[PDB]
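Breakdown of the fold
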There are 4 protein chains.
Amino acid sequence: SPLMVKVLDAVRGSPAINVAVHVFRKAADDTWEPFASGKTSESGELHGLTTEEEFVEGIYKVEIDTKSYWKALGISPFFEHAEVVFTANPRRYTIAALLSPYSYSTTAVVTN
Amino acid sequence: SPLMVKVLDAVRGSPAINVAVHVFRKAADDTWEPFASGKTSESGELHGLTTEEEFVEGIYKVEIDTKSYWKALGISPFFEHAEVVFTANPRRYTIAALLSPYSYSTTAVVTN
Amino acid sequence: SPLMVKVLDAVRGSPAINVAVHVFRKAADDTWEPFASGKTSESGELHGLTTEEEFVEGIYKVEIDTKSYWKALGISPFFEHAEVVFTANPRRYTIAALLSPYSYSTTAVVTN
Amino acid sequence: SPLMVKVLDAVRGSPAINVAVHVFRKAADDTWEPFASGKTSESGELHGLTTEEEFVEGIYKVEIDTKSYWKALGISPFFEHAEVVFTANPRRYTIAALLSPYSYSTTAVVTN
């Protein structure tokens, strides 16, 4: 998958497991259409989101839903989800995210 | 204003000046309606976004548009904007954001 | 003070109050000598650390002690303190730090 | 190695390659003695730092030297190195760091 997402938990010092991630792609009419989605594995990583054939040039939004994640862990968080927008046009993108109930950090690692 | 936004630049080590910030509020029909917007001042701060009368309970989205900010500074960034969602229901909220072309961090400071 | 330190708590979404901050300056013999220290106020800010006369060119280390901070709040943290080194030679420096038991972020805002 | 270090570059959106990392362990006399060191590989990762036999309980400091890293890339950074202190006593520790010339973030991921 040319797009991968990795999520860590800053409160517990662990991979964030079973985090829902949704990806959208901007359509010709300026709407966000669902493109791909998944849940992080035990390693905090989300593999197999998309493929090189499907991941064409475009404007993409990656949404990470934190509310459900924190609640299963017994936390009611302030930040409920985080979103980031970028253009695809190097050809492997990793979005690495760090989660806390009142803070998020996201970084793009873009490689060959 | 019960909602304030402060933005810093991690590349240049400065307040991020003239950053466009848009705030949306989720409507009864689950749509994001425009609620408030502004640009950061020389201090990187955005004051007067809203008021206690207007800032009622609800689900809010704060969007920070980085593309225009980086371009005026001669940078074409990878992350184009960042969004965070939270519920309003302490009664002063500060969203502090740190900007880089490949990274964003946002933190909520919620006080009385 | 040409050097200011501001600390936020990412777990609780608040200023980090009463955080001990120590500043060292590298001596001619390559040793870190105590230069200035203080505790953050209710706003999470540490004012009056030093003065323009005292804050001469040099290599400085800012150390932020998190162990005592987290314990008073009932937390036994993994990261016990964080340190950053920079050279002083713009003329107001703010070190802004964000604290979690398993994570720290520090940013320099350097202005006139 | 029960201790691993991974470093990313927030300016360029890449693994930070050839970053010098030094690890110290606090001695009986309260001095920081050199324990282990290495340089990050092309993946931004530093493997083989230590072993389970050598990595006994103690207070450890991980120092990441950014000055040399940024200069080879044509940057003269403000933050010259970052240090974090923790106690070892889960049994695999990953220190993940994100680098910018005016900002650093470090997170501990502690697993089995």
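Residues numbered from 1 in each chain as written, not as in the entry; some residues may be left out. Chains lettered and ligands numbered in written order. Heavy atoms only, no water. Residues with missing side-chain atoms left out of burial classes, pairs and counts.

By the naming in the PDB entry, chain A goes by Transthyretin and is assigned to Homo sapiens. The record in UniProt for chain A states the following under Function: "Thyroid hormone-binding protein. Probably transports thyroxine from the bloodstream to the brain." Here chain A is described in UniProt, under the heading Subunit, as follows: "Homotetramer. Dimer of dimers. In the homotetramer, subunits assemble around a central channel that can accommodate two ligand molecules. Interacts with RBP4." (UniProt positions renumbered as here; feature names shortened; annotations may be inferred.)

**Thoughts on the packing of aromatic side chains**
Taken as a whole and judged by the stated rule, the model has 44 aromatic pairs over all chains. Look at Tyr60(A) and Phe86(A): their rings are 6.3 Å apart centre to centre, the planes differ by 25°, and that puts the pair in the stacked class. In this pair, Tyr60(A) sits in strand 6 (residues 58–65) while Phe86(A) sits in strand 7 (residues 79–88), placing the two residues 26 residues apart along the sequence. The same class applies to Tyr60(A) as to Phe86(A), namely buried. Arranged with centres 5.5 Å apart and planes meeting at 5°, the rings of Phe78(A) and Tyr102(A) form a pair that is stacked. Each member of the aromatic cluster is reached from another via a ring pair, and the members are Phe35(A), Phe55(A), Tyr60(A), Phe86(A), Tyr93(A), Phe78(B), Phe79(B) and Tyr102(B). (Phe/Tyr/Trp six-rings, centres within 6.5 Å; stacked < 30°, edge-to-face > 60°. Helix = DSSP H or I, 4+ residues; strand = E, 2+ residues; numbered from the N terminus. Buried < 20%, exposed > 50% of the residue type's maximum accessible area, 1.4 Å probe, protein only.)

**Describing the interface of chain B and chain A**
In this complex, chain B contributes 22 residues to the contact, which on the side of chain A involves 22 residues. When contributions to the side of chain B that touches chain A are tallied by element, the ones reaching two or more residues are strand 6 (58–65), strand 7 (79–88), strand 8 (92–100) and strand 9 (103–111) of chain B. Considering each element in turn, the side of chain B that touches chain A owes the most residues, nine residues, to strand 7 of chain B. Pairing analysis gives seven bridges linking strand 7 of chain A to strand 7 of chain B, with the strands arranged antiparallel. Paired with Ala82(A) across the two strands is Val84(B), which belongs to strand 7 of chain B. (Contact = heavy atoms within 4.5 Å. Pairing = 2+ DSSP bridges.)

**Section: the side chain of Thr40(C)**
With respect to the secondary-structure elements, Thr40(C) resides in the loop between strand 4 (32–39) and strand 5 (45–46). Polar side-chain contacts of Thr40(C) include one of 2.8 Å to the backbone nitrogen of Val19(C). (Polar contact = N/O pair within 3.5 Å; in protein donor to acceptor, adjacent residues only side chain to side chain.)

**Thoughts on the pattern of salt bridges**
For the coordinates displayed, the defined rule picks out 24 salt bridges over all chains. Residue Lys61(A) pairs with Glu83(B) through a salt bridge whose shortest N-O separation is 3.5 Å. Of this pair, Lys61(A) sits in strand 6 while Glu83(B) sits in strand 7, placing the two residues on different chains. The same class applies to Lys61(A) and to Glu83(B), which are both buried. Residues participating in the shared-partner salt-bridge network are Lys61(A), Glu83(A), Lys61(B) and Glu83(B). (Salt bridge = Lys/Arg side-chain N within 4 Å of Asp/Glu carboxyl O.)

**Digging into the UniProt feature "binding site: L-thyroxine" in chain A**
Mapped onto the present numbering, the UniProt feature "binding site: L-thyroxine" falls at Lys6(A), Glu45(A) and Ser105(A). Within the secondary structure, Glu45(A) sits in strand 5 (residues 45–46). Residue classification places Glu45(A) among the partly exposed positions, given a relative accessible area of 22%. Inspection of the secondary structure puts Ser105(A) in strand 9 (residues 103–111). According to the relative accessible area criterion, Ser105(A) is buried, its value standing at 15%. Leaving out residues up to four positions away in the same chain, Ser105(A) has contacts with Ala96(A), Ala97(A), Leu98(A), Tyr104(B) and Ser105(B).

**Section: the sheet that holds strand 6 of chain A**
One open sheet accounts for eight strands, arranged 4(A)-3(A)-6(A)-7(A)-7(B)-6(B)-3(B)-4(B); its pairing is antiparallel. The sheet is open, and its two edges are formed by strand 4 (32–39) of chain A together with strand 4 (32–39) of chain B, each paired on a single side. Across this sheet, the average inter-strand angle for adjacent strands is 20°, counted without regard to direction. Where strand 3 (residues 20–26) of chain A and strand 6 of chain A come together, six bridges link them in antiparallel fashion. For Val21(A), the partnering residue across the bridge sits in strand 6 of chain A and is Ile64(A). (Axes fitted to C-alpha atoms, helices over the stretch in contact; angles between N-to-C directions.)

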